[PDB]
Ligand SMILES: O=Nc1c(NC[C@H](O)[C@H](O)[C@H](O)CO)[nH]c(=O)[nH]c1=O
Ligand SMILES: O=Nc1c(NC[C@H](O)[C@H](O)[C@H](O)CO)[nH]c(=O)[nH]c1=O
Ligand SMILES: O=Nc1c(NC[C@H](O)[C@H](O)[C@H](O)CO)[nH]c(=O)[nH]c1=O
Ligand SMILES: O=Nc1c(NC[C@H](O)[C@H](O)[C@H](O)CO)[nH]c(=O)[nH]c1=O
Ligand SMILES: O=Nc1c(NC[C@H](O)[C@H](O)[C@H](O)CO)[nH]c(=O)[nH]c1=O
Ligand SMILES: O=Nc1c(NC[C@H](O)[C@H](O)[C@H](O)CO)[nH]c(=O)[nH]c1=O
Ligand SMILES: O=Nc1c(NC[C@H](O)[C@H](O)[C@H](O)CO)[nH]c(=O)[nH]c1=O
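Protein chains in written order, with full-length UniProt numbering: chain A, 67 to 221; chain B, 67 to 221; chain C, 67 to 221; chain D, 67 to 221; chain E, 67 to 221; chain F, 67 to 221; chain G, 67 to 221.
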């Protein structure tokens, strides 16, 4: 019993990267803006890199890279894939999810899965600062905590 | 806040490869033609390699190879698997998707998932230059952006 | 058989103007932001003029003017008229459409009809960077192509 | 990116004309009174000309004239055609709309389409200062903005 | 009673231009190919100019231009606008139609309205060389006849 | 644009291996016989190794091995898992699919997924030389093409 | 435009007080524990006073007092009133709400309304650290922000 929890207060010193898919920009832009804001709100400053990728599928390798560059402590990946029609949804969703996972694992760097996978657009709108909160921001906050966790727990 | 976005304008200098499955040729051919056209339309010239594989399943390794050959900056994989009957659809779809993912990750080279996974043929027709746009073309464009992103962001 | 197509690559040298209606701002703002972004994304730079008009009806004359000023090569008109209730929808929609048409014809300058005419707000949201893409951006891109077409084909 | 927007504050110096159809006077009178009031409310003073025409159909030429007289900077046309029975509604509605459009285009002078085209009387009542606001006033305001836009943007 | 009919046999000597919208390319390409083929099939040779415009809306001015260039005897405009969802369909369809009309009238040069306006994609597929024939080809043939008519009837 | 396609004609010189699961032998036997036949039909001769494994699950490692033995150019895996009752179907199906995938990737050797995943026995019967063709044969043909592709494209 | 926002980072220096109603302890306890934790989590330290009152009704005066004591910068009030049966729910709910409001206003000290007013117990459970987050924690965080806001904005 020794609660090794991350610290949300010791931000500023860290370096983060946001990776966002342009798809469903209407939401993602917001999502991102949210994450961004949260960072600053949490005193962090090293002017976080935001990498734009066209689609959620992309998140995987992109994070992969950024992670392996050892330049950041945590990368948060944002995207939104609304269940529009076909299983294509699934396809992407899986790849997206899987990718981010693999990235984090392989890089040994926390990669935050801040991608919406709701059915209809509306639900999404809510996760992007609606009555459902803002995944973007949450993700950022998480990025912080994780990073911090890593340099406090380390082992 | 330093928007590291790819460049669609600085094409020409790059080397790409398209990998297409012959299955559902009626659509794939189109799909490919689209990607191809887009490349040229975007001033790129190194006469892109188009690799034909019989089925979407194949995409995985094929890309895998091309990717590891270090010869291309981005490989776009095209295919179309229409929900014809059985879970076979799923089987393929997953493998297809997973493969392309793995390829991109392992190769560290962007592999574009330009494969249709609609239910009926008609929906597909639409993604192949119908009122739903043209995934082929979109994929190409994406290939570009990703490649470019990699040599601008790099780290 | 001599494919006289426009060029999306030779942007920068051209001068464009966006005309947007404030009505349904929630969408139009986005729409516009999209077109704008696309311009820059396509290396164009002469800091495009954005003209705000209260309603889509206005587009007509406004474009008319800008067009006749011979200052721009293509003007893109953005607006969104959602089928809220009465035939008023039609009224506007027609006038809007007709206006933009007339403008283009009379001015001999491509005036892009980038105005949404969906029924419900939601559909619109989708055309403004949702799973339906972004008409704004599309329109911009088109503006480019058309302008370019005109100085390559000319006759 | 140079937001060329009109100015609602620099009114007074301008000259406007309202053209109203006597038909459905119960509403139009109001409508007009609204536009009028708004003008004064917006410090404008050159005692705006209000031209009465029996029916909305008339708006066309009447505006046409006023516009070509070069005396006004913007003419706002008011009328209300409630879907009472037959396609006559359409007939008028179209002509009305079309007319105002043509006027504006031909005259190069902003002609505001401040004519209601609701189905039932009640809906109209609402657009004439009901819970739906007041088209008349809106129209006036718009007239202002358009005029102003023209002498600030001009080209 | 003096049947002034055009001649489909005296082609070759004439100069034509095809204008096609990229939208719904899947069909338009075909449509065009059809028109093209027909021309050659009808011994015509001056290697017809094919002008690509992104959307049917564009047809108007584009034709307008080509027509006024006095270089061609007849311009055939191809496009296809499938009733996908909203009245947007109408908007476009009208503008498209109207444009081509205006062009022909203003230019005094026959502009063939070879644009499909079916509801579903499938119907279109049929007009593009299906059991419904090929509008593209038909349009070409018509272009010929009209041109010829003009130089035989003239007055 | 340089179509790097495999060759079905240059077979004979290559070495292949078929791996078949005994489960649902009634179909698999056929399936295999089909693949086999096709090979010979395509002039190949090095008397292809056929490896029997009890169940489709097994395919994975088995192929894995054969692949890594570097002895063959392509291994085709055959099996059939009919949706008899429980998710067990899925379990197997996934493992089967995944296995073959992994094999191909890890070995860098094309491993053909020639395993049926239909619901009822009958559908299968059809894929095994019924009105649905013969997956076995198709798979063989594919094995060929892939192998060939690898030594023609290589890089 | 000068965004006067509170600071979540500059906590520690402040003094807060939590007031919780014992009713529905099963939830409130949690609720409180949450708020508490958050405080610490946000580096605050002056060992926050937690005042227990039997029912939500009490919150009013209790806060009233604490607020007027000028000892704390923000008091967060926690409670939960589940719509068990009668309008009694309302009665309490109103008084509770109203009280906290009045307190905040009269004291000029931010009093956070961290009281659940869901219908069934279950919904509550969710707000108390379930998939609905934790109102308690949120309230604390807010307390912080408000306090901070007051000493940064002040006027
Ligand atoms: O398609 N739907 C979506 C999408 N595109 C798929 C993918 O990300 C990619 O761009 C190309 O498929 C191949 O690389 N991307 C999203 O972020 N959300 C979606 O809902
Ligand atoms: O079967 N349907 C499809 C398909 N074939 C499956 C697979 O790609 C492969 O060729 C062999 O199964 C063994 O590897 N490939 C597609 O691209 N789309 C389909 O809709
Ligand atoms: O009224 N609805 C709409 C609207 N106003 C009508 C018109 O554009 C104009 O502003 C004045 O009518 C004078 O003509 N403008 C829109 O862009 N969308 C609508 O949905
Ligand atoms: O008829 N109904 C209407 C009407 N009259 C039609 C028209 O303007 C004209 O007076 C004569 O048709 C011939 O010029 N005018 C309206 O403003 N609203 C109506 O509801
Ligand atoms: O939107 N739907 C369609 C479309 N786009 C509209 C237009 O052609 C144009 O490109 C811009 O609107 C403004 O210039 N064009 C079509 O050929 N079919 C459609 O079904
Ligand atoms: O159970 N049904 C099936 C099956 N058995 C499962 C598996 O292949 C394996 O033999 C053992 O599970 C673990 O090695 N194998 C098939 O080829 N088809 C089936 O339809
Ligand atoms: O009674 N129900 C509730 C309650 N007690 C009522 C009230 O707070 C008070 O204690 C006395 O009524 C009068 O002072 N307090 C709650 O947090 N939830 C309830 O659902």
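Cβ atoms here follow ideal geometry from the backbone N, Cα and C, with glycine treated the same way.
Return the chain-ordered list of same chain residues with a C-beta closer than 8 Å to the C-beta of residue i, the five sequence neighbours on each side being excluded.
i: residue 147 of chain D; result: 89, 90, 122, 155, 158, 159, 162, 181, 182, 183
i: residue 130 of chain C; result: 165, 168, 169, 172, 173
i: residue 190 of chain B; result: 90, 93, 146, 148, 182, 184
Please go through the same chain and pick out, in chain order, the residues whose beta-carbon is closer than 7 Å to the beta-carbon of residue i, but skip the five residues on each side of it.
i: residue 192 of chain A; result: 198
i: residue 78 of chain G; result: 109, 110, 111
i: residue 211 of chain C; result: 72, 74
Is there a C-beta anywhere in chain G that falls below 8 Å from the one on residue i?
i: residue 74 of chain A; result: yes
i: residue 168 of chain A; result: no
For chain C, find out if any of its Cβ atoms is closer than 8 Å to the Cβ of residue i; answer yes or no.
i: residue 197 of chain B; result: no
i: residue 187 of chain D; result: no
i: residue 108 of chain B; result: yes
i: residue 137 of chain D; result: no
i: residue 102 of chain E; result: yes
By Cβ distance below 6 Å, which residues in the same chain neighbour residue i in space, the five residues on each side in sequence not counted?
i: residue 82 of chain E; result: 114, 138, 140, 209
i: residue 213 of chain F; result: 80, 139, 140
i: residue 70 of chain C; result: 219
i: residue 187 of chain B; result: 148
i: residue 179 of chain F; result: 166
Can you give me the start and stop residues for the beta strand (DSSP E) that residue i sits inside?
i: residue 179 of chain C; result: 177-182
i: residue 119 of chain E; result: 115-119
i: residue 196 of chain F; result: 194-196
i: residue 69 of chain G; result: Note, residue 69 of chain G: premise wrong, no beta strand (DSSP E); not H, not E.
i: residue 80 of chain F; result: Unbroken run through residue 80 of chain F: none, as it is neither H nor E.
i: residue 144 of chain D; result: 140-146
Return no unless some Cβ of chain B is closer than 8 Å to the Cβ of residue i.
i: residue 120 of chain A; result: yes
i: residue 141 of chain A; result: no
i: residue 149 of chain C; result: no
i: residue 179 of chain F; result: yes
i: residue 99 of chain E; result: no
i: residue 183 of chain F; result: yes
i: residue 90 of chain E; result: yes
Could you spell out the range, first to last residue, of the alpha helix (DSSP H) harbouring residue i?
i: residue 99 of chain G; result: 91-107
i: residue 208 of chain F; result: 201-216
i: residue 185 of chain D; result: Here residue 185 of chain D belongs to no alpha helix (DSSP H), and DSSP marks it neither H nor E.
i: residue 220 of chain C; result: Where residue 220 of chain C is concerned, there is no enclosing alpha helix (DSSP H), given that its DSSP letter is neither H nor E.
i: residue 134 of chain F; result: 122-134
i: residue 160 of chain G; result: 154-173
Could you tell me whether any Cβ in chain E is nearer than 8 Å to the Cβ of residue i?
i: residue 96 of chain B; result: yes
i: residue 192 of chain B; result: yes
For residue i, would you say it is in contact with chain A, using Cβ-to-Cβ distances shorter than 8 Å as the test?
i: residue 124 of chain B; result: no
Counting contacts by CB-CB distance shorter than 8 Å, is residue i in contact with chain F?
i: residue 160 of chain B; result: yes
Does the CB of residue i have a neighbour CB from chain D at under 8 Å?
i: residue 114 of chain C; result: yes
i: residue 173 of chain C; result: no
i: residue 165 of chain C; result: yes
(message) If contact is defined by three or more beta carbon pairs under 8 Å, each pair taking one atom from either stretch, is the stretch 172-181 of chain D in contact with the stretch 79-87 of chain E?
(response) Too few Cβ pairs lie closer than 8 Å, so no.
(request) State whether the stretch 183-201 of chain B contacts the stretch 135-142 of chain A, with contact taken as three or more CB pairs (one from each stretch) at a distance under 8 Å. (result) The answer is no - the stretch 135-142 of chain A does not touch the stretch 183-201 of chain B, with fewer than three Cβ pairs under 8 Å.
(request) Tell me, please, whether the stretch 108-123 of chain G touches the stretch 207-221 of chain F by the rule of three or more beta-carbon pairs shorter than 8 Å. (result) The stretch 108-123 of chain G makes no contact with the stretch 207-221 of chain F; the number of CB pairs closer than 8 Å stays below 3.
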